[PDB]
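A.B. asks: Let me begin by handing over the structure; questions about it come next.
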Amino acid sequence: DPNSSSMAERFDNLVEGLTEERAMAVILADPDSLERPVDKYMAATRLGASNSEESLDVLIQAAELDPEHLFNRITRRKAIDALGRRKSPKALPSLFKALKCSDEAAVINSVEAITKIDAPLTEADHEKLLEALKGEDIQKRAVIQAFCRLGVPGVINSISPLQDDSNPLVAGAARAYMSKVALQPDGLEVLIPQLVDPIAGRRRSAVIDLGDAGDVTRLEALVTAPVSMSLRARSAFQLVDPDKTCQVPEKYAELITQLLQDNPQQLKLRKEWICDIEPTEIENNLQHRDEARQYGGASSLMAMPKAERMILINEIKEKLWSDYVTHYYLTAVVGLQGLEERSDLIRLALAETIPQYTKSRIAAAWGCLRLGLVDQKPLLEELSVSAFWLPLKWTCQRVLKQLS
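What follows is the structure, encoded as structure tokens:
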């Protein structure tokens, strides 16, 4: 319910799906013949949330849909995301033919789907997946990361010289593989400056790759990279809790804590990202498309003397509280600085059940500790056990054990 505190309007897209018996019926038909032809996409999405063997073998047929059509290739794409969600090895033959295809969006879906299934691939399978590797760089990067996560060392001869590909998106991936799969943790030093590259795609890539690499001594580098906390948290938990056991070793517990508290004034920010300490400049940066800029806006908002802050915070909030981006930096600034006057936002954000605003529950949980909001314990105790996302489940646990 954050549209109610909102001059800005966040519009959801609610589409009415199908049942399972109706989905199976329409997913293979010719869309020329269907009452509501849009039903052909929602049937793959719906059968991916199913569990029956009959529905899985219908998804395999939608994954083998004749691409001479335009309407059947889209449905083939969603059956392939669907077979990745189903995580059954029965899909593997379907997905490997998609590798051989022209529509390269179903190739990139099919690889990621094979990654999700995490089944044991054969020597022949590794070779077909290597054919996909010689596409173009956005596809190469998905093929390398598939070997990196599947943990497939036969292809070491192919990924190895990519480490010197000119595109950091391909090369970073190939160095991740060399660390994770071939156990040379040395290729990663390139990524540490790339965590503050002027080009946001490499900055995000570097966060992505350093977690795929499994070199936990890179954890401190993630703490301060101007990239979305969610990405940094996800990669940091791939290093400290590789098995998603919801337990961080207490040797790292403070380095994870400050990654998750995401203090904009202690992140590594270039001069161009830091805006002036003025009402309209804080507001552009928070509205910017790039997180590096946004951290600079939240950086200077904190820097503003408290009196004007208390109003700037308020006006910005009544303007954009439904913007999940602005909703996060507001919650964080209140909690990081301990602004007791805006204790209401720390409680609002922690109660936020709409999944988009999750990072804000993290900022709110750290704010309850900083502010001593012990009345929130029945809600922290709830998340400590049933919060779906690990960095959130773990944050509430840390706050509970030291909330007095």
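Going letter by letter, the sequence shown gives residues -5 to 398 in the entry's author numbering.
The beta-carbon is built from N, C-alpha and C at its ideal position, and this holds for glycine as well.
Figure out for me which residue from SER152, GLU117, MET172 has the closest Cα to the Cα of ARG143.
C.D. replies: Ranking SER152, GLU117, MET172 by Cα distance to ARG143 puts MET172 first.
A.B. asks: With DSSP as the reference, label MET18 as helix, strand or coil.
C.D. replies: Of the three classes helix, strand and coil, the one that applies to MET18 here is helix, per DSSP.
A.B. asks: Quick check on DSSP: helix, strand or coil for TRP383?
C.D. replies: If DSSP states are grouped into helix, strand and coil, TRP383 belongs with coil.
A.B. asks: Can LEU89 and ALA107 be called in contact, C-beta distance under 9 Å?
C.D. replies: For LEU89 and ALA107, yes; Cβs fall inside 9 Å.
A.B. asks: Please list the terminal residues of the continuous alpha helix (DSSP H) segment that includes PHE231.
C.D. replies: Its alpha helix (DSSP H) spans residues 223 to 234.
A.B. asks: State buried or exposed for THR347, treating a residue as buried only when at least 16 other CB atoms are found within 10 Å of its CB.
C.D. replies: Exposed, since its Cβ has fewer than 16 Cβ neighbours within 10 Å.
A.B. asks: Compare the Cα-Cα distances from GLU312 to each of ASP256, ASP(-5), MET1, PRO162 and report the closest residue.
C.D. replies: The shortest Cα separation from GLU312 among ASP256, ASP(-5), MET1, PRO162 belongs to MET1.
A.B. asks: Roughly how far, in whole angstroms, is the beta-carbon of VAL146 from the beta-carbon of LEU177, given that I think they are within contact range, below 8 Å?
C.D. replies: Incorrect: roughly 14 Å between the Cβ atoms, too far for contact.
A.B. asks: Between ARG4, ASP(-5), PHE5, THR39, which has its C-alpha nearest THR13's C-alpha?
C.D. replies: Among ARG4, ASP(-5), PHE5, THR39, the Cα nearest to that of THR13 is on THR39.
A.B. asks: Short of 6 Å in beta carbon distance, which residues of its chain neighbour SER222, apart from the five on each side in sequence? Order them along the chain.
C.D. replies: Hits under 6 Å: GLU285.
A.B. asks: So for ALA286, helix, strand or coil by DSSP?
C.D. replies: Helix.
A.B. asks: Which residue wins for smallest C-alpha separation from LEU77, given the options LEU93, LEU53, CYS95, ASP191?
C.D. replies: Residue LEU53 is the option with its Cα nearest to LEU77.
A.B. asks: With distances taken from CA atoms, which of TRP267, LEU189, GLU376, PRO273 is nearest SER229?
C.D. replies: Per the Cα distances, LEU189.
A.B. asks: In the structure shown, what three-state DSSP assignment does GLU309 receive?
C.D. replies: Here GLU309 sits in helix by DSSP.
A.B. asks: Please classify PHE382 as buried or exposed, where buried requires at least 16 neighbouring CB atoms within 10 angstroms.
C.D. replies: It counts as exposed.
A.B. asks: Please state if the CB of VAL210 and the CB of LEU233 are separated by a distance shorter than 9 Å.
C.D. replies: In this structure, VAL210 lies closer than 9 Å to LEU233 by Cβ.
A.B. asks: Just the Cα atoms here: how many angstroms apart are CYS269 and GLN281?
C.D. replies: In a straight line, the C-alpha of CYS269 is about 12 Å away from that of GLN281.
A.B. asks: Using the C-alpha atoms, what's the distance from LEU384 back to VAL217?
C.D. replies: So the two alpha carbons sit approximately 17 Å from each other.
A.B. asks: From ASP180, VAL164, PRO179, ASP256, pick the residue whose C-alpha is nearest to that of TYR322; which is it?
C.D. replies: Residue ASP256 is the option with its Cα nearest to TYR322.
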